[PDB]
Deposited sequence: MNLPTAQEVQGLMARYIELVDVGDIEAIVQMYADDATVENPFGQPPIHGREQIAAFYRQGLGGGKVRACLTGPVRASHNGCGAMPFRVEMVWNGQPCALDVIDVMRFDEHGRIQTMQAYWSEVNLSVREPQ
């Protein structure tokens, strides 16, 4: 059901593990069927598992890891800081991100907001 603070920590860490391996299908199954993603926050949301899948598939050798603990609330929400390492034209680079997520009463991500801009990118 609606995850506890403890369960939020586990779910958000699991999310980063699945990014890190690049398991698109498993990432999509963490989202509600009609979830929204704003990535980066400030840009229009994308809606639904098909669009979210399209986003991860195009976005995702990528490494990703937590760069500090998951901060969880008691209302099925949390925020986490992490870093994603990638290649963008033979050039390695990294991006520092904070995701904010709200989970639904089934334990699926209902909304995700990914905070980052160009100021968080490093070559």
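Trainee: Write out the missing regions of the deposited sequence in sequence order, one range per stretch.
Mentor: Model skips 1, 62 to 64, 128 to 131 of the deposited chain.
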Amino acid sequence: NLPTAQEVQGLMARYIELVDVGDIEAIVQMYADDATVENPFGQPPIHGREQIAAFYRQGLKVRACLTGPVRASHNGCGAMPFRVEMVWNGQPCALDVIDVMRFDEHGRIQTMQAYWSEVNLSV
From here on, numbers count along this sequence of modelled residues.
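Trainee: Take the C-alpha B-factors listed in the entry for 88 to 96 and for 47 to 55, compute each mean, and give the stretch with the larger one.
Mentor: Higher of the two, by average CA B-factor, is 88 to 96.
Trainee: Whose C-alpha has the highest temperature factor in the PDB entry: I109, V21, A13, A114?
Mentor: Of the candidates given, the C-alpha B-factor peaks at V21.
Trainee: Quick one: which of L60, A35, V70, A26 has the biggest Cα B-factor according to the entry?
Mentor: Comparing C-alpha B-factors across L60, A35, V70, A26, the maximum falls on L60.
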